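Novice:
Take a look at the structure:
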C-alpha cells in the first residue's frame, strides 16, 4: 500500500505512527522563526495537519474549514506542518486569521520530522516534502488518530480526526 | 608600524554575530557542485548550466513583498550579459517563487531551492547559518563562476541586512 501521487506510487521513508504510541518529538519553526516542540503545546490536544505544501496557487478551502473546526474544539491546537518556510506561512490561505492554528516548518531540521513520522517523501517531485497525513495527539502526546492519506491529492478523513477530539 | 589585515569577522544580523558552518569559497577555487530544486521541482546542478558563466546570488529568503531596486537591476543586468545565468539560491520552496520580489518579471533568472538536500549546499559554500532566527537558511553572498566553474568573484556579505557589492560582481563578468 504505497502512497501515490496522481495514482503513481511514491517512496516514503520512516514508519508512520500507530494509534496508542507516544508521538515523536520535533523541533519545527514557527512563523516568527522560533523553535516549536511538543512542550510548546503542553496541556493541549494537538492536530498535526501534515501537508506537502500550504503555498499552492489555489486555496485548499476545505482544509481551512477543518483547521477552523478542529481549533475551535475544547483545548485543541492545530499544528500545520510542512516544508514551507515561515515567510510563506504568514500568507497561507488555510491558516491566516485563525487562533489556535499554528504553522510549523520542517526547514531547520530537514528530514527529521518527516522521517520520524513516516511521511518523508524520497522520490519524484515531492522528494524532500512531507506526504499528506493527519495525526491527532492527546494532552500527553499519545496518538489517538492517525491517517496517512493513500493518494496525495485526496482529502484526509477530517471527520474521523474531528470525532477523535469529541 | 605595519598592521596585519584582519581576518573577516563573523557575519552579523542586525549587528549581532551569527554562526556559519562550512568554508566560504576563495577566488581561483573550483566551485562545489550541488543538487538544488528549480521552479518545476526538477533538480539543478552545475551540469544544468554547462559552459555558462554563473552568478550564484545566495539569499536567506526571497519571499518578501519589498526589495532593493539595486538587486533587481543587478539580476537583470547579469542575466542580460552574454553567456551568463543568474541562479538565485535560497531555502524558499519553489511554490513561493510567485512572490519573489527580486526576480519578478525577470524570466531568465533561475530560482534554485535548497529544500531537497537540506544544509548540503550551504555547508559546501560556507553559508550554513547555525544560530539565531536564520538557523537553517543560507547567509547572504554572491559567488560568480566562469565558464569552467572557477570562482572569479566571491563576497560573503558582512551584515545580512546589507546589500552585496553588485558592482564588483557584475564587473567581474566583463
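Residue numbers (my numbering), protein chains in the order written: chain A, 9 to 174; chain B, -11 to 162.
Using N, Cα and C, we set each Cβ at its ideal position, and we do this for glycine too.
Could you check whether the segment 138 to 149 of chain B touches the segment 146 to 160 of chain A, counting it as contact only if at least three pairs of C-beta atoms, one from each stretch, sit closer than 8 Å?
Specialist: Short answer: they don't touch.
Novice: Pick out the complete beta strand (DSSP E) segments inside the segment 24 to 92 of chain A, 3 residues or longer, and give them in chain order.
Specialist: With a minimum length of 3 residues, the continuous beta strand (DSSP E) runs that stay inside the segment 24 to 92 of chain A are 53 to 58 and 84 to 90.
Novice: Is the Cβ-Cβ distance between residue 117 (chain B) and residue 8 (chain B) less than 8 Å?
Specialist: Cβ atoms of residue 117 (chain B) and residue 8 (chain B): closer than 8 Å.
Novice: Contact criterion: CB-CB distance below 8 Å. Does residue 136 (chain A) meet it with respect to chain B?
Specialist: Answer yes: the Cβ-Cβ gap between residue 136 (chain A) and chain B drops below 8 Å somewhere.
Novice: If you draw a straight line from the alpha carbon of residue 129 (chain B) to that of residue 62 (chain B), how long is it in whole angstroms?
Specialist: Spanning the two alpha carbons is a distance of roughly 14 Å.
Novice: Assign residue 114 (chain B) to one of two classes, buried (16 or more other C-beta atoms within 10 Å of its C-beta) or exposed (fewer than that).
Specialist: Per the 10 Å Cβ criterion, buried.
Novice: Does residue 36 (chain B) come within less than 8 Å of chain A when only Cβ atoms are used?
Specialist: Not closer than 8 Å to any Cβ of chain A, the Cβ of residue 36 (chain B) fails to qualify, so no.
Novice: Are the C-beta of residue 12 (chain B) and some C-beta of chain A separated by less than 8 Å?
Specialist: It does not; no Cβ of chain A falls within 8 Å.
Novice: Can you check which of these residues, A:150, A:45 and A:99, is closest to residue 120 (chain A) by C-alpha distance?
Specialist: The candidate whose alpha carbon is nearest that of residue 120 (chain A) is A:45.
Novice: May I ask you to list, following chain order, the residues of the segment 17 to 37 of chain B that have a beta carbon less than 7 Å from some beta carbon of chain A?
Specialist: Residues 29.
Novice: Comparing the C-beta of residue 63 (chain A) with each C-beta of chain B, is any distance below 8 Å?
Specialist: Judged by the 8 Å Cβ criterion, residue 63 (chain A) is in contact with chain B.
Novice: Using three-state DSSP, classify residue 146 (chain A) as helix, strand or coil.
Specialist: Here residue 146 (chain A) sits in coil by DSSP.
Novice: Taking Cβ-Cβ distances below 7 Å as the criterion, which residues of the segment 79 to 104 of chain A are in contact with chain B?
Specialist: Listed in sequence order: 91, 92, 93, 95 and 96.
Novice: Please confirm if the segment 0 to 14 of chain B is in contact with the segment 76 to 94 of chain B, defined as three or more CB-CB distances below 8 Å between the two stretches.
Specialist: Segments in contact, no.
Novice: Taking all protein chains shown into account, decide if residue 122 (chain A) is buried (16 or more other Cβ within 10 angstroms of its Cβ) or exposed.
Specialist: Flag for residue 122 (chain A) reads buried.
Novice: On the DSSP letters alone, give me the boundaries of the beta strand (DSSP E) that residue 156 (chain A) sits inside.
Specialist: Counting along the chain, the beta strand (DSSP E) containing residue 156 (chain A) begins and ends at 151 to 156.
Novice: For residue 121 (chain A), does the three-state DSSP call read helix, strand or coil?
Specialist: Of the three classes helix, strand and coil, the one that applies to residue 121 (chain A) here is helix, per DSSP.
Novice: Quick check: what's the CA-CA separation for residue 90 (chain A) versus residue 10 (chain A)?
Specialist: Taking the straight line from one Cα to the other gives about 20 Å.
Novice: Shortest alpha-carbon distance to residue 110 (chain A) belongs to which of A:18, A:169, A:116 and A:54?
Specialist: That would be A:54, whose Cα lies nearest to the Cα of residue 110 (chain A).
Novice: Please classify residue 83 (chain A): is it buried, with 16 or more other beta-carbons within 10 angstroms of its beta-carbon, or exposed?
Specialist: Label assigned to residue 83 (chain A): exposed.
Novice: Report the neighbours of residue 5 (chain B) on chain A: residues whose CB is nearer than 7 Å to its CB, in chain order.
Specialist: Going along chain A, no residue has its Cβ under 7 Å from residue 5 (chain B), so there is no contact; the nearest lies around 17 Å.
Novice: What in chain B is Cβ-close to residue 119 (chain A), meaning under 9 Å?
Specialist: Per Cβ cutoff of 9 Å: 106.
Novice: Would DSSP call residue 167 (chain A) helix, strand or coil?
Specialist: Residue 167 (chain A): helix per DSSP, three-state reduction.
Novice: The segment 112 to 141 of chain B: which residues have C-beta closer than 9 Å to a C-beta of chain A, in chain order?
Specialist: Those would be 120, 121, 122, 123, 124 and 125, in chain order.
Novice: Quick check on residue 97 (chain A): does DSSP put it in helix, strand or coil?
Specialist: Helix, per DSSP.
Novice: Which residues in chain B have a C-beta closer than 8 Å to the C-beta of residue 74 (chain A)? List them in chain order.
Specialist: None at all; the shortest Cβ gap to chain B is about 20 Å.
Novice: Can you tell me whether residue 95 (chain B) is helix, strand or coil according to DSSP?
Specialist: Coil.
Novice: Bridge partners of residue 113 (chain A), per DSSP?
Specialist: Beta-bridge pairing links residue 113 (chain A) to A:37 and A:90.
Novice: Among residues of its own chain, excluding the 5 on either side of residue 161 (chain B), which ones have a beta-carbon nearer than 7 Å to its beta-carbon?
Specialist: Taken in chain order, the residues that qualify are 41, 66, 69, 72 and 132.
Novice: Would you check if the segment 100 to 107 of chain B and the segment 15 to 30 of chain B touch, i.e. whether three or more CB-CB distances between them fall below 8 Å?
Specialist: Touching, yes.
Novice: I need the straight-line Cα distance from residue 137 (chain B) to residue 37 (chain B), nearest angstrom please.
Specialist: Their backbone Cα atoms lie some 10 Å apart in a straight line.
Novice: DSSP three-state label for residue 127 (chain B), please.
Specialist: Three-state DSSP puts residue 127 (chain B) in coil, outside helix and strand.
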